[PDB]
Amino acid sequence: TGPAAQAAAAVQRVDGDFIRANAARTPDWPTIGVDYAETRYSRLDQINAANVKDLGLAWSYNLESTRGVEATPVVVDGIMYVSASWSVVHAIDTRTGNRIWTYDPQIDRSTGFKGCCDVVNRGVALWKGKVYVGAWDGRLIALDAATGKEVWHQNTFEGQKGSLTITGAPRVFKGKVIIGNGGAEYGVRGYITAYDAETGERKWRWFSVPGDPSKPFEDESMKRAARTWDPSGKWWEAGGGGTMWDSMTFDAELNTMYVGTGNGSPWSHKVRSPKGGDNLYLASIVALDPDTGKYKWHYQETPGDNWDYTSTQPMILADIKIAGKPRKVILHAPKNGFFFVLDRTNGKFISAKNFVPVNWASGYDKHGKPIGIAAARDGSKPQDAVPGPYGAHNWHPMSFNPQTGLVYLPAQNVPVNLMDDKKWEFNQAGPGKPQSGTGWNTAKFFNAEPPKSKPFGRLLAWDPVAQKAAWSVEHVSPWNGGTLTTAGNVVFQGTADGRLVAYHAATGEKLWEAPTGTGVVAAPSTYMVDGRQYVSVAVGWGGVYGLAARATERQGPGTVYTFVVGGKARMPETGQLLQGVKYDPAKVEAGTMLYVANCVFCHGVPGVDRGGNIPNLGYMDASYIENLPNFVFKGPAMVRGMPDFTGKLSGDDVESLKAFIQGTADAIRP
Ligand code: HEC
Ligand SMILES: O=C(O)c1cc(C(=O)O)c2c(n1)C(=O)C(=O)c1cc(C(=O)O)[nH]c1-2
Ligand SMILES: O=C(O)[C@@H]1CCCO1
Ligand SMILES: [Ca+2]
């Protein structure tokens, strides 16, 4: 009614000029990152360091999901849009806390296995009356802002090979809606595509890595890039990787957009490109002309990527003084553990400093190239990878407060040990090849020896000019949520252990907190409605680490929590180690290999891990393990994302899996 008409009117106003005008005072949060630079800085200061202790719950909304929720809500004139699990979009009237509409693309649940890292979505984009979502199955869908009905869709995977999915938020720059995809763990060729925002007509496409060099190159950037790959490994079969699954930003004055590119496929550099090569444009920040998609320049953060070191993590465009001169930069802290400051007018390196311990490089030289540590490229034997695949910083948003000059950065360590699988062949699944049973192709072996580093999680306030930490708050677990900062001198961040917390932006002192029940991964947003400031966070534990581990005992549905000074709304709202399953201990080794090939990256290690948004097999009732075939072949949980292993497991393979599951629980029992 009133909500639908308000929604139509509010979203109709969203365009480039609107996003710029929203800068002087930010009453709305029109893009997932507030502005095109994606600073995630609100200029609102009604909630400030002196009164944030009086925040209370204004309302909460049930997203009804059970898997990860990674999106920051966007809000214009009190009308909120946020996605949940399986690409479902919700439009919420913040004045009542009630649903306006829900759009469910009805993703085939049997395809949950096609993505490496949970069935997530990092948000929607708004533009001239429509809401855009990148769906799991490859559709870019434009929805009517008032009704949630589809206006148009594009099958963005048409004609492209491999296990592609979409998890990121689209961006709309100058009337073109742009989206990438995920899949480099499986073997795909990364690309982004731009479509007309009004009609959906395809406008341009840019691939981040070259195709078969015996075929015409799509553009000069591809011909140039081919000179940095060794064709003896036929990289184009597996695809090469380079997926752009998360960060994109835009500078309208420079008429330049920027995209972070992903890791190599397969992960092992010696397998992917045998004789060497930087493998452009993997692991880079790339600048493109937003109108034509044409390459302008790039800066490669990790040449010869060999550890799943994506550069897709969220960058922030900022204007800061360095060496006493004004510089227009890009701030970026990707998985590899270095905080980069780059010149956004030309891609020139300014500085890089590690923000956590690292063991693949000792630093960057004066030309902006890493100085490698040899052992890290020795794939012939197990080697701890620090930061490793989970990343020193993953997609969880960071934020920049220009008044303190600090970047509030979620940092962590999840120990992993890697070595190369020199006998890997693309799509040839087999025992011991990690998750190959559902299409992964990393060409690595994991934890052939136990990693030695210790896990950690902390919120860093990083000074990009001095390239050092101004303050740090230690958390109990890795995989804490994204951040928000505001002119009220506060920083908001949810924790893996189940709280939304506000800290003083200058000191890191904790000023306020509330429980969220489940661990939080998405970053909050803030906005004004009828003269009052609200802070909202969409809570749904998940993402790749959240599939298998957790730091709260409690599990519940995805929920948007919204706080205001004085709110009074009421808040909404482990196990036994498996024992007794009959098994043959002699089959534990065979079961270990079959389990690593088919189950580990969703169910974790039985008993050792406790379960995240997917339950751990070492804590299930014995009936599930005693009767395992009932569950792995066209099981009752297919509708929830448990794959069908028909044609993948046979004979006595399930008995071997039982032996590994009960045997591992028996080995660690106190
Ligand atoms: C992620 C893509 C998965 C892979 C790979 C495997 N499993 Fe799974 N499983 C997954 C989900 C999302 C679920 C449902 C969780 C819920 O209850 O909501 C499951 C569930 C199971 C179960 C319980 C079955 C049931 O009907 O309740 C079992 C026993 C199980 N899965 C076993 C299992 C094994 C042995 C796998 C490797 C062969 C395996 N799963 C892979 C997701 C994923
Ligand atoms: O290589 C890829 O294409 C790809 C895709 C995605 C994804 O789309 O979410 C992730 C990753 N890689 C990845 O390396 C990673 O650490 C990761 C974590 C998460 C998550 O949502 O928690 N997604 C992804
Ligand atoms: O790269 C991935 O898809 C994830 C990150 C952690 C392990 O595998
Ligand atoms: Ca990856």
# chains A, B, ... in the order shown; residues from 1 in each chain; ligands from 1
>>> residues_around(residues="residue 88 in chain A", least_positions_apart="3", cutoff="7 Å", atoms="only C-alpha atoms", output="JSON list (two decimals) with N, CA, C and O atoms, in the first residue's frame")
[["chain", "number", "residue", "atom", "x", "y", "z"],
["A", 83, "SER", "N", 19.22, -9.40, 1.01],
["A", 83, "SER", "CA", 19.05, -10.80, 0.58],
["A", 83, "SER", "C", 19.40, -11.72, 1.74],
["A", 83, "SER", "O", 20.05, -11.33, 2.70],
["A", 84, "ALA", "N", 18.95, -12.98, 1.63],
["A", 84, "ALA", "CA", 19.25, -14.00, 2.63],
["A", 84, "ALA", "C", 19.92, -15.16, 1.89],
["A", 84, "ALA", "O", 20.55, -14.95, 0.89],
["A", 85, "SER", "N", 19.77, -16.38, 2.41],
["A", 85, "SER", "CA", 20.36, -17.55, 1.77],
["A", 85, "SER", "C", 19.61, -17.95, 0.48],
["A", 85, "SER", "O", 18.45, -17.56, 0.28],
["A", 103, "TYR", "N", 11.11, -11.88, -2.84],
["A", 103, "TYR", "CA", 11.31, -12.50, -4.16],
["A", 103, "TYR", "C", 12.23, -13.70, -3.98],
["A", 103, "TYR", "O", 13.38, -13.57, -3.53],
["A", 104, "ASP", "N", 11.71, -14.87, -4.29],
["A", 104, "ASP", "CA", 12.45, -16.13, -4.18],
["A", 104, "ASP", "C", 12.67, -16.65, -5.59],
["A", 104, "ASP", "O", 11.69, -17.05, -6.26],
["A", 105, "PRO", "N", 13.92, -16.68, -6.09],
["A", 105, "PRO", "CA", 14.21, -17.17, -7.45],
["A", 105, "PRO", "C", 14.05, -18.69, -7.53],
["A", 105, "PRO", "O", 14.25, -19.25, -8.61]]
>>> residues_near_ligand(ligand="ligand 3", cutoff="8 Å", atoms="only C-alpha atoms and all ligand atoms", output="list in words")
residues 115, 116, 117, 183, 184, 185, 308, 388, 389, 390, 391, 544, 545 and 601 of chain A
>>> residues_around(residues="range 90-101 of chain A", least_positions_apart="5", cutoff="10 Å", atoms="only C-alpha atoms", output="PyMOL selection string")
chain A and resi 1-4+6-7+58-63+73-75+77-84+124+131+145-149+529-530+534+536+560-562
>>> residues_around(residues="residue 459 in chain A", least_positions_apart="3", cutoff="12 Å", atoms="only C-alpha atoms", output="compact mmCIF listing (two decimals) with N, CA and C atoms, in the first residue's frame")
# COMPACT_ATOMS: atom_id res chain seq x y z
N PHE A 355 49.52 -7.10 7.73
CA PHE A 355 48.72 -6.75 8.90
C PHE A 355 48.49 -7.93 9.88
N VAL A 356 49.01 -9.08 9.46
CA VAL A 356 49.06 -10.29 10.28
C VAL A 356 50.37 -11.01 9.90
N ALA A 392 43.73 -13.83 5.54
CA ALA A 392 43.95 -12.97 6.69
C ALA A 392 42.74 -12.07 6.88
N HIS A 393 42.14 -11.69 5.75
CA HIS A 393 40.90 -10.94 5.67
C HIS A 393 40.19 -11.52 4.44
N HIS A 396 34.40 -10.25 4.45
CA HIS A 396 33.70 -9.48 5.52
C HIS A 396 34.11 -8.03 5.33
N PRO A 397 33.14 -7.12 5.15
CA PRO A 397 33.59 -5.75 4.89
C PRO A 397 34.46 -5.04 5.87
N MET A 398 35.37 -4.24 5.32
CA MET A 398 36.09 -3.28 6.17
C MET A 398 35.41 -1.90 5.99
N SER A 399 35.82 -0.88 6.76
CA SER A 399 35.19 0.47 6.60
C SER A 399 36.27 1.50 6.89
N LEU A 406 41.29 5.96 10.01
CA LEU A 406 41.53 4.53 10.18
C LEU A 406 40.59 3.61 9.40
N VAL A 407 41.11 2.43 9.07
CA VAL A 407 40.35 1.39 8.38
C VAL A 407 40.07 0.28 9.40
N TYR A 408 38.79 -0.04 9.61
CA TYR A 408 38.39 -1.04 10.59
C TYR A 408 38.22 -2.36 9.83
N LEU A 409 39.22 -3.19 10.09
CA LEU A 409 39.50 -4.39 9.33
C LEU A 409 39.38 -5.69 10.10
N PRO A 410 38.47 -6.59 9.67
CA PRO A 410 38.34 -7.89 10.36
C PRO A 410 39.54 -8.73 9.93
N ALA A 411 40.32 -9.18 10.87
CA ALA A 411 41.49 -10.00 10.59
C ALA A 411 41.38 -11.35 11.29
N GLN A 412 42.09 -12.33 10.76
CA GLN A 412 41.98 -13.66 11.35
C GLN A 412 43.08 -14.59 10.83
N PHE A 456 43.16 -17.26 15.17
CA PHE A 456 42.85 -16.05 15.92
C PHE A 456 41.85 -15.23 15.12
N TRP A 462 43.43 -0.02 11.30
CA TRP A 462 44.65 0.17 10.52
C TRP A 462 44.85 1.58 9.98
N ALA A 469 48.96 -0.70 12.84
CA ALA A 469 47.73 -0.79 13.61
C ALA A 469 47.67 0.29 14.68
N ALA A 470 46.60 1.08 14.68
CA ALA A 470 46.39 2.10 15.69
C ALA A 470 45.82 1.44 16.94
N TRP A 471 44.97 0.41 16.78
CA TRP A 471 44.47 -0.35 17.92
C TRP A 471 43.98 -1.69 17.38
N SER A 472 43.76 -2.60 18.31
CA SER A 472 43.32 -3.95 17.95
C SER A 472 42.49 -4.53 19.08
N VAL A 473 41.36 -5.16 18.74
CA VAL A 473 40.51 -5.82 19.73
C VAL A 473 40.50 -7.32 19.41
N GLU A 474 40.92 -8.13 20.37
CA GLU A 474 40.99 -9.56 20.17
C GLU A 474 39.65 -10.25 20.44
N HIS A 475 39.30 -11.14 19.51
CA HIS A 475 38.07 -11.88 19.63
C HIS A 475 38.41 -13.33 20.00
N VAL A 476 37.42 -14.14 20.31
CA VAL A 476 37.70 -15.52 20.71
C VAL A 476 37.83 -16.50 19.54
N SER A 477 37.34 -16.08 18.39
CA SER A 477 37.30 -16.94 17.22
C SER A 477 37.62 -16.18 15.96
N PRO A 478 38.05 -16.91 14.93
CA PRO A 478 38.26 -16.22 13.64
C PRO A 478 36.80 -16.02 13.05
N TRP A 479 36.76 -15.37 11.89
CA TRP A 479 35.52 -15.27 11.11
C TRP A 479 34.44 -14.42 11.72
N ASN A 480 34.87 -13.29 12.24
CA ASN A 480 33.97 -12.28 12.76
C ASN A 480 33.50 -11.44 11.58
N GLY A 481 32.49 -10.62 11.86
CA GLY A 481 31.80 -9.92 10.76
C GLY A 481 32.41 -8.65 10.23
N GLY A 482 31.76 -8.12 9.20
CA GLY A 482 32.19 -6.89 8.57
C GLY A 482 31.90 -5.69 9.45
N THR A 483 32.50 -4.56 9.08
CA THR A 483 32.37 -3.38 9.94
C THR A 483 31.63 -2.20 9.30
N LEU A 484 31.22 -1.28 10.20
CA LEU A 484 30.55 -0.02 9.84
C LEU A 484 31.16 1.04 10.72
N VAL A 491 32.39 2.41 15.80
CA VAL A 491 32.63 1.32 14.85
C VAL A 491 31.73 0.18 15.29
N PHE A 492 30.91 -0.34 14.38
CA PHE A 492 30.05 -1.48 14.70
C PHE A 492 30.59 -2.74 14.00
N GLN A 493 30.55 -3.84 14.75
CA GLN A 493 30.98 -5.13 14.19
C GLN A 493 30.32 -6.27 14.97
N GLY A 494 29.74 -7.22 14.23
CA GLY A 494 29.20 -8.42 14.88
C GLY A 494 30.33 -9.46 15.04
N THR A 495 30.16 -10.34 16.02
CA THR A 495 31.15 -11.35 16.32
C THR A 495 30.70 -12.76 16.00
N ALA A 496 31.67 -13.63 15.79
CA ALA A 496 31.37 -15.06 15.59
C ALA A 496 30.69 -15.61 16.84
N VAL A 501 28.51 -5.38 18.38
CA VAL A 501 29.24 -4.53 19.33
C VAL A 501 29.60 -3.19 18.68
N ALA A 502 29.61 -2.13 19.51
CA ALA A 502 30.09 -0.83 19.04
C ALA A 502 31.36 -0.51 19.86
N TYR A 503 32.39 -0.02 19.18
CA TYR A 503 33.67 0.38 19.79
C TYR A 503 33.92 1.84 19.50
N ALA A 505 35.74 4.71 17.85
CA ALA A 505 36.57 4.70 16.65
C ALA A 505 38.04 5.07 16.87
N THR A 507 39.85 4.64 19.91
CA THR A 507 40.57 3.82 20.87
C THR A 507 40.31 2.33 20.88
N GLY A 508 39.19 1.92 20.29
CA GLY A 508 38.84 0.51 20.32
C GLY A 508 38.12 0.10 21.59
N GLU A 509 37.87 1.04 22.52
CA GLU A 509 37.17 0.71 23.75
C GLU A 509 35.74 0.21 23.42
N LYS A 510 35.29 -0.86 24.06
CA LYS A 510 33.93 -1.36 23.82
C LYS A 510 32.92 -0.45 24.56
>>> atom_distance(atom1="CA of residue 643 in chain A", atom2="CA of residue 615 in chain A")
14.2 Å
>>> closest_residue(among="A:24, A:172, A:522, A:126", to="ligand 2", atoms="only C-alpha atoms and all ligand atoms")
A:522
>>> residues_around(residues="residue 158 in chain A", least_positions_apart="6", cutoff="12 Å", atoms="only C-alpha atoms", output="number ranges by chain")
A: 137-140, 164, 193, 202
>>> residues_around(residues="residue 384 in chain A", least_positions_apart="4", cutoff="12 Å", atoms="only C-alpha atoms", output="MDAnalysis selection string")
chainID A and resid 307 358:360 375:379 388:389 413:419 445:454
>>> write_last_selection(atoms="N, CA and C atoms", output="PDB file, in the first residue's frame")
ATOM      1  N   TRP A 307      48.121 -20.132  -3.491  1.00  0.00           N
ATOM      2  CA  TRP A 307      47.545 -20.415  -2.168  1.00  0.00           C
ATOM      3  C   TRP A 307      46.085 -19.963  -2.032  1.00  0.00           C
ATOM      4  N   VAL A 358      52.790 -13.529   8.092  1.00  0.00           N
ATOM      5  CA  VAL A 358      52.675 -14.207   6.790  1.00  0.00           C
ATOM      6  C   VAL A 358      53.914 -15.046   6.555  1.00  0.00           C
ATOM      7  N   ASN A 359      53.805 -16.108   5.773  1.00  0.00           N
ATOM      8  CA  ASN A 359      55.002 -16.917   5.494  1.00  0.00           C
ATOM      9  C   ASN A 359      55.256 -17.168   4.006  1.00  0.00           C
ATOM     10  N   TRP A 360      54.624 -16.418   3.105  1.00  0.00           N
ATOM     11  CA  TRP A 360      54.863 -16.649   1.684  1.00  0.00           C
ATOM     12  C   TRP A 360      55.748 -15.554   1.095  1.00  0.00           C
ATOM     13  N   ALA A 375      60.164 -21.700   0.602  1.00  0.00           N
ATOM     14  CA  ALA A 375      59.425 -22.867   1.074  1.00  0.00           C
ATOM     15  C   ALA A 375      57.954 -22.844   0.656  1.00  0.00           C
ATOM     16  N   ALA A 376      57.409 -21.632   0.601  1.00  0.00           N
ATOM     17  CA  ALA A 376      55.990 -21.482   0.276  1.00  0.00           C
ATOM     18  C   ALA A 376      55.639 -21.915  -1.135  1.00  0.00           C
ATOM     19  N   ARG A 377      56.628 -22.037  -2.020  1.00  0.00           N
ATOM     20  CA  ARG A 377      56.382 -22.480  -3.384  1.00  0.00           C
ATOM     21  C   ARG A 377      56.887 -23.888  -3.570  1.00  0.00           C
ATOM     22  N   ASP A 378      57.329 -24.518  -2.480  1.00  0.00           N
ATOM     23  CA  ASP A 378      57.758 -25.915  -2.583  1.00  0.00           C
ATOM     24  C   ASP A 378      56.536 -26.821  -2.400  1.00  0.00           C
ATOM     25  N   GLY A 379      55.932 -27.201  -3.504  1.00  0.00           N
ATOM     26  CA  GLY A 379      54.726 -28.024  -3.427  1.00  0.00           C
ATOM     27  C   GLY A 379      54.968 -29.487  -3.226  1.00  0.00           C
ATOM     28  N   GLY A 388      47.066 -18.363   4.169  1.00  0.00           N
ATOM     29  CA  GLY A 388      46.277 -19.519   3.736  1.00  0.00           C
ATOM     30  C   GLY A 388      44.912 -19.188   3.137  1.00  0.00           C
ATOM     31  N   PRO A 389      44.230 -20.231   2.674  1.00  0.00           N
ATOM     32  CA  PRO A 389      42.932 -20.091   2.002  1.00  0.00           C
ATOM     33  C   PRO A 389      41.791 -19.388   2.663  1.00  0.00           C
ATOM     34  N   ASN A 413      43.146 -15.741  11.478  1.00  0.00           N
ATOM     35  CA  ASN A 413      43.959 -16.857  11.001  1.00  0.00           C
ATOM     36  C   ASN A 413      43.175 -18.166  11.258  1.00  0.00           C
ATOM     37  N   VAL A 414      43.007 -18.987  10.214  1.00  0.00           N
ATOM     38  CA  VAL A 414      42.381 -20.326  10.323  1.00  0.00           C
ATOM     39  C   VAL A 414      43.504 -21.213   9.760  1.00  0.00           C
ATOM     40  N   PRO A 415      44.194 -21.932  10.638  1.00  0.00           N
ATOM     41  CA  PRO A 415      45.326 -22.764  10.182  1.00  0.00           C
ATOM     42  C   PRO A 415      45.038 -23.783   9.095  1.00  0.00           C
ATOM     43  N   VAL A 416      45.873 -23.793   8.053  1.00  0.00           N
ATOM     44  CA  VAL A 416      45.773 -24.741   6.936  1.00  0.00           C
ATOM     45  C   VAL A 416      47.174 -25.089   6.474  1.00  0.00           C
ATOM     46  N   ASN A 417      47.372 -26.345   6.098  1.00  0.00           N
ATOM     47  CA  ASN A 417      48.632 -26.843   5.562  1.00  0.00           C
ATOM     48  C   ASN A 417      48.343 -27.348   4.140  1.00  0.00           C
ATOM     49  N   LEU A 418      49.201 -27.025   3.188  1.00  0.00           N
ATOM     50  CA  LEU A 418      49.009 -27.389   1.792  1.00  0.00           C
ATOM     51  C   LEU A 418      50.215 -28.023   1.145  1.00  0.00           C
ATOM     52  N   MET A 419      49.963 -28.848   0.165  1.00  0.00           N
ATOM     53  CA  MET A 419      51.020 -29.331  -0.714  1.00  0.00           C
ATOM     54  C   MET A 419      50.395 -29.549  -2.083  1.00  0.00           C
ATOM     55  N   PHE A 445      46.694 -30.962  -1.727  1.00  0.00           N
ATOM     56  CA  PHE A 445      46.319 -31.888  -0.640  1.00  0.00           C
ATOM     57  C   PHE A 445      46.268 -31.034   0.612  1.00  0.00           C
ATOM     58  N   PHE A 446      45.287 -31.263   1.485  1.00  0.00           N
ATOM     59  CA  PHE A 446      45.166 -30.438   2.682  1.00  0.00           C
ATOM     60  C   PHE A 446      45.531 -31.152   3.943  1.00  0.00           C
ATOM     61  N   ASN A 447      46.285 -30.470   4.790  1.00  0.00           N
ATOM     62  CA  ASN A 447      46.679 -30.996   6.064  1.00  0.00           C
ATOM     63  C   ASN A 447      47.268 -32.382   5.999  1.00  0.00           C
ATOM     64  N   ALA A 448      48.134 -32.614   5.009  1.00  0.00           N
ATOM     65  CA  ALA A 448      48.820 -33.906   4.941  1.00  0.00           C
ATOM     66  C   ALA A 448      49.657 -33.987   6.237  1.00  0.00           C
ATOM     67  N   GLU A 449      50.093 -32.835   6.761  1.00  0.00           N
ATOM     68  CA  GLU A 449      50.689 -32.727   8.087  1.00  0.00           C
ATOM     69  C   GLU A 449      49.817 -31.669   8.790  1.00  0.00           C
ATOM     70  N   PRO A 450      49.638 -31.781  10.107  1.00  0.00           N
ATOM     71  CA  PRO A 450      48.818 -30.800  10.838  1.00  0.00           C
ATOM     72  C   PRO A 450      49.452 -29.416  10.817  1.00  0.00           C
ATOM     73  N   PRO A 451      48.642 -28.356  10.574  1.00  0.00           N
ATOM     74  CA  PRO A 451      49.267 -27.027  10.568  1.00  0.00           C
ATOM     75  C   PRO A 451      49.656 -26.627  11.996  1.00  0.00           C
ATOM     76  N   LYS A 452      50.705 -25.826  12.094  1.00  0.00           N
ATOM     77  CA  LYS A 452      51.234 -25.433  13.387  1.00  0.00           C
ATOM     78  C   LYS A 452      50.803 -24.085  13.907  1.00  0.00           C
ATOM     79  N   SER A 453      50.288 -23.200  13.045  1.00  0.00           N
ATOM     80  CA  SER A 453      49.889 -21.878  13.540  1.00  0.00           C
ATOM     81  C   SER A 453      48.609 -21.986  14.360  1.00  0.00           C
ATOM     82  N   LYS A 454      48.340 -20.977  15.171  1.00  0.00           N
ATOM     83  CA  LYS A 454      47.151 -20.980  16.014  1.00  0.00           C
ATOM     84  C   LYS A 454      46.093 -20.083  15.408  1.00  0.00           C
TER      85      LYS A 454
END
>>> select_by_dssp(residues="range 133-334 of chain A", states="alpha helix (DSSP H)", output="list in words")
residues 220, 221, 222, 223, 224, 225, 226, 235, 236, 237, 238, 269, 270, 271 and 272 of chain A
>>> write_last_selection(atoms="N, CA, C and O atoms", output="CSV table (one decimal), in the first residue's frame")
chain,number,residue,atom,x,y,z
A,220,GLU,N,43.1,-6.7,-26.6
A,220,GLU,CA,44.6,-6.6,-26.4
A,220,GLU,C,45.0,-7.1,-25.0
A,220,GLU,O,46.0,-7.6,-24.8
A,221,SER,N,44.1,-6.8,-23.9
A,221,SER,CA,44.5,-7.1,-22.6
A,221,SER,C,44.7,-8.7,-22.5
A,221,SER,O,45.5,-9.2,-21.7
A,222,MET,N,43.9,-9.4,-23.2
A,222,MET,CA,44.0,-10.9,-23.2
A,222,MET,C,45.3,-11.4,-23.9
A,222,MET,O,46.0,-12.3,-23.4
A,223,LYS,N,45.6,-10.7,-25.1
A,223,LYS,CA,46.8,-11.1,-25.8
A,223,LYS,C,48.1,-10.8,-24.9
A,223,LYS,O,49.0,-11.6,-24.8
A,224,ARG,N,48.0,-9.7,-24.3
A,224,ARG,CA,49.1,-9.3,-23.4
A,224,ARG,C,49.2,-10.3,-22.2
A,224,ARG,O,50.3,-10.7,-21.8
A,225,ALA,N,48.0,-10.6,-21.6
A,225,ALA,CA,48.1,-11.5,-20.5
A,225,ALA,C,48.6,-12.9,-20.8
A,225,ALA,O,49.2,-13.5,-20.0
A,226,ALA,N,48.3,-13.4,-22.0
A,226,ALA,CA,48.8,-14.8,-22.4
A,226,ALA,C,50.3,-14.9,-22.4
A,226,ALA,O,50.8,-16.0,-22.2
A,235,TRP,N,46.3,-24.4,-19.6
A,235,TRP,CA,45.5,-23.8,-18.6
A,235,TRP,C,44.0,-23.5,-18.9
A,235,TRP,O,43.2,-23.5,-18.0
A,236,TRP,N,43.8,-23.3,-20.2
A,236,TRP,CA,42.4,-23.0,-20.6
A,236,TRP,C,41.4,-24.1,-20.5
A,236,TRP,O,40.2,-23.9,-20.5
A,237,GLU,N,41.9,-25.3,-20.3
A,237,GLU,CA,40.9,-26.4,-20.1
A,237,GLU,C,40.2,-26.3,-18.7
A,237,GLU,O,38.9,-26.2,-18.6
A,238,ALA,N,41.0,-26.2,-17.7
A,238,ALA,CA,40.4,-25.9,-16.3
A,238,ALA,C,39.9,-24.5,-16.2
A,238,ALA,O,39.1,-24.2,-15.4
A,269,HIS,N,50.3,-23.3,-8.7
A,269,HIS,CA,51.0,-22.6,-9.8
A,269,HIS,C,51.8,-23.5,-10.6
A,269,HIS,O,51.8,-23.3,-11.8
A,270,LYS,N,52.5,-24.4,-10.0
A,270,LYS,CA,53.4,-25.4,-10.8
A,270,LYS,C,52.6,-26.3,-11.6
A,270,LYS,O,53.1,-26.9,-12.6
A,271,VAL,N,51.4,-26.6,-11.3
A,271,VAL,CA,50.5,-27.4,-12.1
A,271,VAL,C,49.8,-26.6,-13.1
A,271,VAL,O,49.8,-26.9,-14.3
A,272,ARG,N,49.3,-25.4,-12.7
A,272,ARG,CA,48.5,-24.6,-13.7
A,272,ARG,C,49.4,-24.0,-14.8
A,272,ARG,O,48.9,-23.8,-15.9
>>> residues_near_ligand(ligand="ligand 1", cutoff="7 Å", atoms="only C-alpha atoms and all ligand atoms", output="PyMOL selection string")
chain A and resi 112-113+435+438+595+598-603+614-615+617+624-625+628+631-632+635-637+640-643+645+657
>>> atom_distance(atom1="CA of residue 228 in chain A", atom2="CA of residue 347 in chain A")
18.9 Å
>>> decode(residues="range 262-307 of chain A", atoms="C-alpha atoms", output="compact mmCIF listing (two decimals), in the first residue's frame")
# COMPACT_ATOMS: atom_id res chain seq x y z
CA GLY A 262 40.39 -14.03 -7.91
CA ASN A 263 42.71 -16.98 -7.45
CA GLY A 264 44.09 -19.41 -9.99
CA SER A 265 42.36 -22.59 -11.15
CA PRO A 266 43.79 -25.02 -10.21
CA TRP A 267 45.39 -23.41 -7.14
CA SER A 268 48.84 -24.88 -7.68
CA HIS A 269 50.96 -22.56 -9.76
CA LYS A 270 53.40 -25.36 -10.75
CA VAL A 271 50.49 -27.44 -12.07
CA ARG A 272 48.53 -24.56 -13.65
CA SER A 273 51.50 -22.85 -15.44
CA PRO A 274 54.41 -25.32 -15.21
CA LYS A 275 57.32 -23.25 -16.40
CA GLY A 276 56.23 -20.19 -14.44
CA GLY A 277 54.65 -16.84 -15.18
CA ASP A 278 52.76 -14.17 -13.27
CA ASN A 279 49.47 -15.43 -14.73
CA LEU A 280 47.77 -12.05 -15.38
CA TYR A 281 45.24 -10.91 -14.33
CA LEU A 282 44.83 -13.25 -11.36
CA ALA A 283 45.06 -11.75 -7.90
CA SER A 284 44.89 -8.15 -9.06
CA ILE A 285 42.99 -4.90 -8.81
CA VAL A 286 41.98 -4.06 -12.41
CA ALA A 287 40.76 -0.71 -13.68
CA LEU A 288 38.27 -0.66 -16.52
CA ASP A 289 36.34 1.91 -18.52
CA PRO A 290 32.76 1.43 -17.19
CA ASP A 291 31.20 2.45 -20.48
CA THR A 292 32.99 -0.07 -22.70
CA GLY A 293 34.56 -2.57 -20.31
CA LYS A 294 37.99 -1.84 -21.77
CA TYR A 295 41.08 -2.55 -19.69
CA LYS A 296 42.89 0.54 -18.40
CA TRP A 297 45.56 -0.87 -16.03
CA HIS A 298 46.09 -3.33 -13.20
CA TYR A 299 48.18 -3.94 -10.14
CA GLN A 300 48.84 -7.59 -9.36
CA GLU A 301 48.96 -8.30 -5.67
CA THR A 302 49.99 -11.93 -5.88
CA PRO A 303 51.95 -12.95 -8.98
CA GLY A 304 52.03 -16.75 -9.63
CA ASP A 305 49.21 -17.30 -7.13
CA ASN A 306 49.64 -20.60 -5.36
CA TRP A 307 47.55 -20.41 -2.17
